[PDB]
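What you see below is based on every heavy atom in this structure, not just the backbone, and it leaves out hydrogens, waters and symmetry mates. In what follows, every chain begins at residue 1, and chains take the letters A, B, ... in the order their sequences are listed.
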Amino acid sequence: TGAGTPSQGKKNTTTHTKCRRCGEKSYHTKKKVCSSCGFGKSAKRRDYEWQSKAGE
Amino acid sequence: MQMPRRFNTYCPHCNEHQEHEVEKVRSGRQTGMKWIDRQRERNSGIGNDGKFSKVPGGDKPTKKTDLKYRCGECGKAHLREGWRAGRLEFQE
Amino acid sequence: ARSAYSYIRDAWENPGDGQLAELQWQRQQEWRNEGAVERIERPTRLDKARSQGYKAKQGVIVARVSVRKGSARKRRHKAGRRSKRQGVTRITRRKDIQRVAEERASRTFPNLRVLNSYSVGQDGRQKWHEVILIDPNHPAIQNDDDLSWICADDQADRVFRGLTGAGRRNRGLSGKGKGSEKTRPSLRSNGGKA
Amino acid sequence: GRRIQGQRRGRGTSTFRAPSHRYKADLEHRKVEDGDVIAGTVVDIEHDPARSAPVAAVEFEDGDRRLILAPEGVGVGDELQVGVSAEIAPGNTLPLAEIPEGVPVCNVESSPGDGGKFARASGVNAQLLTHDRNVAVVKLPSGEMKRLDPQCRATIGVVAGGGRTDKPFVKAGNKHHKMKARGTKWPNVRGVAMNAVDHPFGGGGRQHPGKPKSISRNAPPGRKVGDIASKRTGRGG
RNA sequence: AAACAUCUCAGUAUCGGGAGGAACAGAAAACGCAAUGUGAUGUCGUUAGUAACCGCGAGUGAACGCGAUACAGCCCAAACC
RNA sequence: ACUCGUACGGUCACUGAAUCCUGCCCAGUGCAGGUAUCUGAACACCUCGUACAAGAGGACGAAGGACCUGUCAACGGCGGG
RNA sequence: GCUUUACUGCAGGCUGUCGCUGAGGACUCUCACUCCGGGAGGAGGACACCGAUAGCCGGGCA
Ligand SMILES: [Cl-]
Ligand SMILES: [Cl-]
Ligand SMILES: [Cl-]
Ligand SMILES: [Cl-]
Ligand SMILES: [K+]
Ligand SMILES: [Mg+2]
Ligand SMILES: [Mg+2]
Ligand SMILES: [Mg+2]
Ligand SMILES: [Mg+2]
Ligand SMILES: [Mg+2]
Ligand SMILES: [Mg+2]
Ligand SMILES: [Mg+2]
Ligand SMILES: [Mg+2]
Ligand SMILES: [Mg+2]
Ligand SMILES: [Mg+2]
Ligand SMILES: [Mg+2]
Ligand SMILES: [Mg+2]
Ligand SMILES: [Mg+2]
Ligand SMILES: [Mg+2]
Ligand SMILES: [Mg+2]
Ligand SMILES: [Mg+2]
Ligand SMILES: [Mg+2]
Ligand SMILES: [Mg+2]
Ligand code: NA
Ligand code: NA
Ligand code: NA
Ligand code: NA
Ligand code: NA
Ligand code: NA
Ligand code: NA
Ligand code: NA
Ligand code: NA
Ligand code: NA
Ligand code: NA
């Protein structure tokens, strides 16, 4: 079976959804963890220095 | 080659010819307290130790003469250039 | 004349001899069965405690913390590393055990602040330190001219910023002259070289 | 290279775990205050999914209902006893001391009260040879002479289901069904049939181990494969 | 470093913990232009690419002092009650 | 984790239903056992050195190695004259 | 990426030593410590575990 188009047909599973805490469609309803803000994993807000250039 | 144990020659100390006695330089023992010894201990750590991770070079086919010429009257020795000699045996 | 306290001090100069030796052999049995942070009603080394700021007063707290002995509990590299950075066994943390102890205690009492701490011995695999913490919100402390300083906002989380006695020594701030070129005023402003 | 299969095992992931939630009971000798008065009645005989051997359901006097490691010859209605004064009949459990030498035994404790550790698989049995006030010498199914505290409890008889190994699996499918009830990864791909990156015997233009198969006891995981610390190999001699 | 292992990139990137409006440091078990001398601590200029480190290779790299800025000095533990 | 498991077990490998069979080789390499003697680190110990210290040397000697043995359904070998 | 008796190192295993650690070149005991037991108590025991270090093995890994 082709890994491309033919394998795209079984994709009717809901995972990432609108997050209660940040509003982004990143709350993974299976993991109950937001990949954008960290809700469900961290009380503190998800954030990293690599999200911007080193000297900025 | 052969070489006399004693023979007349110039003494740089006495500043005049006198009988000298020839001897092969016996290696001196290390004390292990030289600066390089302390640097070895100090600088060796986790991982490769740079220069201290190296091992004994090798050998030239024939070594040069390594001798001491001792004045028979003032007892002071002097060193000379050596020359390649597969073997050096003294006469008497 | 000699204070009674001087006797506690003198006994602890040699925790392995005399009566103290036997107390320890007895005590540790119970300690090894206690948790990570145990609040205790009275300091095991009263002289040491009073010397560091302890006062039999409201808002003054003491707790004994146990921490494992030894070097860093470190995981081996999982990617490329030059030989120099491949070690695991001999690497040791730069923060001493006493300091680890002070932090574990402070976290246990989120509202209190660390005043100081001292050692109370060790067995073969762990060390024990008693930490003196203070309630900066209790009026009995806010009115004490000797301790009220610890109530100021800039003293919040002092232990986590190395403002503790053990923190400052471990930071290389003991000496005022030769040797402290890279430690004072801070390790960070000096580029992290001490 | 990559971690070898033996290393994937230790992580305890689903593929390597036993289907514990599907198991029935953790067979262990009952605890008796003392006296031995404890007796019960066999209420049923069941299949043990973790051992491919039968096991017995027992209702004890004090109301307790527990499955038991069943020796051969135990049936519904039988009365089993557990204690120092237990009669000496198959199916009963008592300390090696109260057991007459020369009698076959199973589910032997390693340390008094641990509930039984030795001789528990199908049809096996231990052999109580010597007694004493200090040591009870038992011969385990492997043939080893084991010195045990005479206070160690045991069950009289040989374990039920003997002869299971006599029948060949014949087909892959039968192994399959058994393997599905154990904490094991099956089937087994030979190391020499793998790539170098996956196993020390992997690689090559044809199939053969790279080095000799006998590996040192000190070899690290990832390398300890083949014949581990073999004192010898082959059949000759 | 014209490869590379110590070294270098660099205690940098990145990660964990935490404070403030600024942090941190701070009233000598200092300095050691050795003195009949200086006098808490930051910082700026300089000292100086000097001393020191280094397959003594490539590279690395202070401090005292001095001129400035701003200046500030105190509280316990104990003795005796 | 294996494991609600316990040698009729389960781990680690090789070969790959049945049938007839599976010879010779332990020198090298691997594993394993033994070991008078030899070798074999550090601590403690002894000697020298230093009012201390660095350092040099001795005594003792673990695993390991030398040495001996077992082992090929262990890696493998089975020629020239 | 992969290999190995390439170079150099790093995990891991084995082994000595020090700490925990106690009483009277081989030995007993019990009190730490470890395991079994619901408990009483039983087994083991200054060893083991753990922390530190030293020698050997060490393409398992960089
Ligand atoms: Cl010569
Ligand atoms: Cl704090
Ligand atoms: Cl099977
Ligand atoms: Cl001055
Ligand atoms: K590099
Ligand atoms: Mg794909
Ligand atoms: Mg090194
Ligand atoms: Mg600053
Ligand atoms: Mg069970
Ligand atoms: Mg079979
Ligand atoms: Mg399965
Ligand atoms: Mg296969
Ligand atoms: Mg293939
Ligand atoms: Mg490989
Ligand atoms: Mg084949
Ligand atoms: Mg083959
Ligand atoms: Mg380069
Ligand atoms: Mg160069
Ligand atoms: Mg630098
Ligand atoms: Mg200076
Ligand atoms: Mg006062
Ligand atoms: Mg337990
Ligand atoms: Mg490689
Ligand atoms: Na150094
Ligand atoms: Na706190
Ligand atoms: Na430093
Ligand atoms: Na192969
Ligand atoms: Na280059
Ligand atoms: Na290159
Ligand atoms: Na260098
Ligand atoms: Na001047
Ligand atoms: Na051979
Ligand atoms: Na052999
Ligand atoms: Na590649």
Side-chain angles (χ1 to χ4, degrees), chain A residues 48-50 54, chain B residues 29 31-33 43 47-54, chain C residues 1 3 5-6 25 29 50-53 68-70 76-77 80-84 86-88 123-125 145-146 153-154 156-157 160-161 173 176-178 181 184-186 189 191-193, chain D residues 1 6 9-12 16-18 20 23-27 31 50-51 111-114 117-124 140-142 149 151 161-165 183-184 190-192 196-197 201 203 209 211-237:
Chain A
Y48 299 94
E49 292 299 315
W50 48 258
Chain B
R29 209 163 204 173
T31 65
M33 291 174 276
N43 293 15
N48 184 79
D49 297 332
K51 65 174 285 172
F52 300 113
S53 285
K54 292 182 181 180
Chain C
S3 70
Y5 303 118
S6 76
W25 182 86
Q29 291 183 51
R50 291 183 65 78
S51 190
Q52 298 188 331
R68 89 296 182 279
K69 292 169 63 185
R76 184 165 176 291
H77 62 280
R81 240 46 146 213
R82 58 196 187 87
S83 77
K84 227 291 191 190
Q86 289 189 42
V88 171
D123 56 19
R125 59 173 170 177
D145 289 302
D146 299 329
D153 299 333
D154 57 22
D157 297 307
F160 302 105
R161 299 182 283 127
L173 293 164
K176 282 191 136 202
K178 194 204 306 170
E181 301 78 5
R184 184 168 305 95
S186 75
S189 68
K193 304 177 185 178
Chain D
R9 272 186 78 227
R11 303 183 63 253
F16 306 95
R17 270 185 258 138
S20 301
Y23 284 170
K24 296 186 181 178
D26 174 307
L27 311 171
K31 304 165 187 175
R51 317 195 304 95
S111 174
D114 66 35
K117 308 282 191 194
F118 312 116
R120 334 210 327 160
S122 290
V124 303
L140 303 180
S142 76
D149 190 303
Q151 208 49 45
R164 185 189 53 201
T165 281
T184 295
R190 286 135 44 234
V192 161
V197 68
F201 292 176
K211 308 175 190 163
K213 302 186 303 176
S214 298
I215 191 75
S216 160
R217 242 287 128 54
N218 307 320
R223 181 189 176 196
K224 186 174 292 176
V225 302
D227 312 318
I228 302 171
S230 66
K231 305 182 200 70
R232 60 160 296 151
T233 57
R235 320 190 83 196

Next item on the list: Report whether the bases of the adjacent nucleotides G:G38 and G:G37 stack, using ring-centre distance under 5.5 Å and plane angle under 30°.
Entry: no
Note to self: Output the rounded distance in Å from CG (B:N48) to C1' (E:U6).
What the structure shows: 6 Å
Next item on the list: Pick base, sugar-phosphate or nothing for C:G177, based on heavy-atom distances below 4.0 Å to the nucleic acid.
Entry: sugar-phosphate
Notebook entry, point to check: Atom NZ of D:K211 to atom P of F:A13: distance rounded to whole Å?
Noted result: 15 Å
Check: Looking at E:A78, E:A5, F:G9, which one has an atom nearest to any side-chain atom of D:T165?
Finding: F:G9
Check: Between D:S214 and D:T233, what is the shortest heavy-atom contact and its length?
Finding: OG-CG2, 3.9 Å
Check: Do other residues, nucleotides or ligands put more than 12 heavy atoms under 6.0 Å from C:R68 CZ?
Finding: yes
Item checked: Adjacent bases G:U34, G:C35 meet stacking criteria of 5.5 Å and 30° -> yes
Item checked: Pairing between E:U38 and E:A30, Watson-Crick or G-U, 3.5 angstrom cut-off on both -> yes
Next item on the list: Please determine, for the side chain of D:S214, which listed nucleotide (F:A56, G:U8, F:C31) has the closest atom?
Entry: F:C31
Item checked: C:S186 side chain to C:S189 backbone, donor-acceptor under 3.5 Å -> yes
Notebook entry, point to check: Which value, rounded to the nearest 0.5 Å, describes the distance between D:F16 atom CZ and D:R11 atom CZ?
Noted result: 9.0 Å
Next item on the list: Give D:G236 one of three labels, base, sugar-phosphate or nothing, depending on what nucleic acid heavy atoms sit under 4.0 Å from its own.
Entry: sugar-phosphate
Next item on the list: May I have the distance from C:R76 (atom CZ) to G:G60 (atom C1'), rounded to whole angstrom?
Entry: 9 Å
Next item on the list: Tell me which nucleotide among F:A74, G:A62, E:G18 gets nearest to the side chain of C:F160.
Entry: E:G18
Next item on the list: Kindly give the heavy-atom pair with the smallest separation between C:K69 and C:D123, and that separation in Å.
Entry: NZ-O, 3.0 Å
Item checked: G:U34: pairing nucleotide in any strand, Watson-Crick or G-U under 3.5 angstrom -> G:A43
Next item on the list: Find which nucleotide of RNA chain G each of C:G124 and B:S53 is nearest to by heavy atoms, and output the residue with the more 5' nucleotide.
Entry: B:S53
Checklist line | Between E:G57 (P) and B:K51 (NZ): distance, integer Å | finding: 9 Å
Note to self: By nearest atom, which of the nucleotides E:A29, F:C4, G:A62 is closest to the D:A18 side chain?
What the structure shows: F:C4
Note to self: Suppose the criterion is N1-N3 plus one more Watson-Crick contact, or the two G-U wobble contacts, each under 3.5 Å; do E:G67 and E:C44 qualify?
What the structure shows: yes
Margin query: Regarding C:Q52, tell me which of base, sugar-phosphate or nothing describes its non-hydrogen contacts under 4.0 Å with the strands shown.
Written below: nothing
Checklist line | Nearest-angstrom distance from the residue atom CZ of D:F118 to P of F:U6 | finding: 12 Å
Notebook entry, point to check: Counting side-chain heavy atoms from C-beta on, which of E:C7, F:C4, E:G42 comes nearest to D:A50?
Noted result: F:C4
Notebook entry, point to check: Could a donor-acceptor pair under 3.5 angstrom be found where the side chain of D:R51 meets the base of F:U3?
Noted result: no
Notebook entry, point to check: Of all the nucleotides listed (F:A7, E:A63, F:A32), which has the minimum atom distance to the side chain of C:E181?
Noted result: E:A63
Item checked: Any N/O donor-acceptor pair, D:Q151 side-chain to G:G42 base, under 3.5 Å -> no
Next item on the list: Evaluate F:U19 against F:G10 for Watson-Crick or G-U wobble pairing; both distances have to be shorter than 3.5 Å.
Entry: no
Next item on the list: Select from C:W25 and C:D123 the residue whose nearest nucleotide in RNA chain G is closer to the 5' end of that strand.
Entry: C:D123
Check: Could you walk me through whether D:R51 and D:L27 pass the side-chain contact (heavy atoms from CB on, under 4.5 Å) check?
Finding: CA-CA 11 Å; D:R51 317 195 304 95; D:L27 311 171; 3.4 Å; yes
Notebook entry, point to check: Atom CZ of B:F52 to atom P of E:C7: distance rounded to whole Å?
Noted result: 13 Å
Notebook entry, point to check: Out of F:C8, E:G26, E:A78, which nucleotide sits closest to the side chain of D:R164?
Noted result: F:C8
Next item on the list: Look at all strands and tell whether D:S20 reaches a base, only sugar-phosphate, or nothing, counting heavy atoms closer than 4.0 Å.
Entry: base
Next item on the list: Hey, which sits more toward the 5' end of RNA chain E by its nearest nucleotide, C:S83 or C:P185?
Entry: C:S83
Notebook entry, point to check: Just how far, in rounded Å, is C1' of G:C20 from CZ of C:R125?
Noted result: 10 Å
Checklist line | D:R17 side-chain proximity, nearest of F:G30, G:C33, F:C2 | finding: F:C2
Margin query: Heavy-atom nearest nucleotide on RNA chain E for C:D153 versus B:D49: which residue maps closer to 5'?
Written below: B:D49
Next item on the list: Establish whether F:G70 and F:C20 are paired, applying the Watson-Crick or G-U wobble definition with both distances under 3.5 Å.
Entry: no
Notebook entry, point to check: Taking atom P of G:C10 as reference, at what distance in whole Å does atom CZ of C:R82 sit?
Noted result: 13 Å
Notebook entry, point to check: Can we call G:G60 and G:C10 a base pair, counting Watson-Crick and G-U wobble only and needing both distances under 3.5 Å?
Noted result: yes
Notebook entry, point to check: Do D:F201 and D:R190 touch side chain to side chain, with heavy atoms closer than 4.5 Å?
Noted result: no
Check: Looking across every strand, which nucleic acid part, if any, lies under 4.0 Å from D:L27 by heavy atom: base, sugar-phosphate, or nothing?
Finding: sugar-phosphate
Next item on the list: Measure from the side-chain heavy atoms of D:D26 and tell me the nearest of F:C4, E:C31, F:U71.
Entry: F:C4
Notebook entry, point to check: Considering residues, nucleotides and ligands other than D:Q151, do more than 12 of their heavy atoms fall under 6.0 Å from its CD?
Noted result: no
Next item on the list: Describe the nucleic acid contact of D:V225 in one word from base, sugar-phosphate, nothing, applying a heavy-atom distance below 4.0 Å.
Entry: sugar-phosphate
Note to self: What's the gap between F:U29 and F:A18 when it is taken at their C1' atoms, as a whole Å value?
What the structure shows: 38 Å
Notebook entry, point to check: What nucleotide among F:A54, G:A11, F:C14 has an atom nearest to a side-chain atom of D:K213?
Noted result: F:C14
